[PDB]
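Asks:
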Ligand SMILES: CC(C)[C@H](Nc1ncnc2[nH]c(-c3cnn(C)c3)cc12)c1ccc2c(c1)S(=O)(=O)CCC2
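In UniProt numbering, the protein residues as written are 1026 to 1192.
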């Protein structure tokens, strides 16, 4: 858990302008969070990038998990292998408000982080999931009680998130 160059926002939330994949390779954290969907199909965005960094091992493991257990619910999670990226991957399904899912489920999604002492994570439901990224950061700060290191791969968004928190 050798995180470097993060800005501490609260006693348990840290943030950096960085690619989560590159952070996971450098830090080798105990847990890396994936911004998953309910069938664990890692077809693009953060999930596709994490799966590609495992050379598709994450997708094969995910298909086997779904075969035995069925899909997740929106706001839910599962713990699978971290492969070369972490000891464990916490696959968390935030709501996709561009597809009509309820933004209130973003609190349930962040509540999954509280079962793990230290996590490397992306900003849930942001990007093409359509949630307001400043609201996602507020829900993270208000909900997560364990130690979370957020990697946000966009300097323009990073700067707007830090400015909004420090208001
Ligand atoms: C808001 C943006 C900046 C953020 N992106 C990222 N945040 C952190 N590490 C990242 N690595 C890459 C990457 C690495 N290689 N490739 C080709 C992509 C993206 C990226 C983000 C945050 C949450 C979500 C998404 C995107 S999403 O659009 O994938 C939908 C799921 C929720």
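The beta carbon of each residue, even a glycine, is placed where N, CA and C say it ideally should be.
Helix, strand or coil, according to DSSP, for residue 1132 in the structure here?
Replies: Note: residue 1132 maps to helix in three-state DSSP.
Asks: For ligand 1, is there any heavy atom lying closer than 6 Å to the beta carbon of residue 1120?
Replies: Not so, every heavy atom of ligand 1 lies at least 6 Å from the Cβ.
Asks: Compute the Euclidean distance between the alpha carbons of residue 1168 and residue 1101, then round it to the nearest angstrom.
Replies: Taking the straight line joining both Cα atoms gives about 15 Å.
Asks: So, for residue 1123: in the same chain, excluding its five sequence neighbours on each side, which residues have a beta-carbon less than 8 Å away from its beta-carbon?
Replies: Cβ neighbours of residue 1123 beyond the five flanking positions: 1153, 1154 and 1155.
Asks: I believe residue 1134 touches residue 1118 by the beta-carbon criterion, under 8 Å. Please report the beta-carbon distance rounded to the nearest angstrom.
Replies: Contact holds; Cβ gap of about 7 Å.
Asks: Taking the continuous beta strand (DSSP E) assigned at residue 1172, which residues delimit it?
Replies: Where residue 1172 is concerned, the enclosing beta strand (DSSP E) stretches over 1172-1177.
Asks: Going by DSSP in three states, residue 1160 sits in which element: helix, strand or coil?
Replies: Helix.
Asks: Grouping DSSP H, G and I as helix and E and B as strand, with all else coil, what is residue 1043?
Replies: Three-state DSSP puts residue 1043 in coil, outside helix and strand.
Asks: Answer yes or no: the CB of residue 1128 versus the heavy atoms of ligand 1, is any distance below 6 Å?
Replies: It does not: the Cβ of residue 1128 is nowhere closer than 6 Å to a heavy atom of ligand 1.
Asks: Could you pull out every residue in the same chain whose Cβ sits closer than 6 Å to the Cβ of residue 1087, ignoring the five residues on either side in sequence?
Replies: Around residue 1087: 1065.
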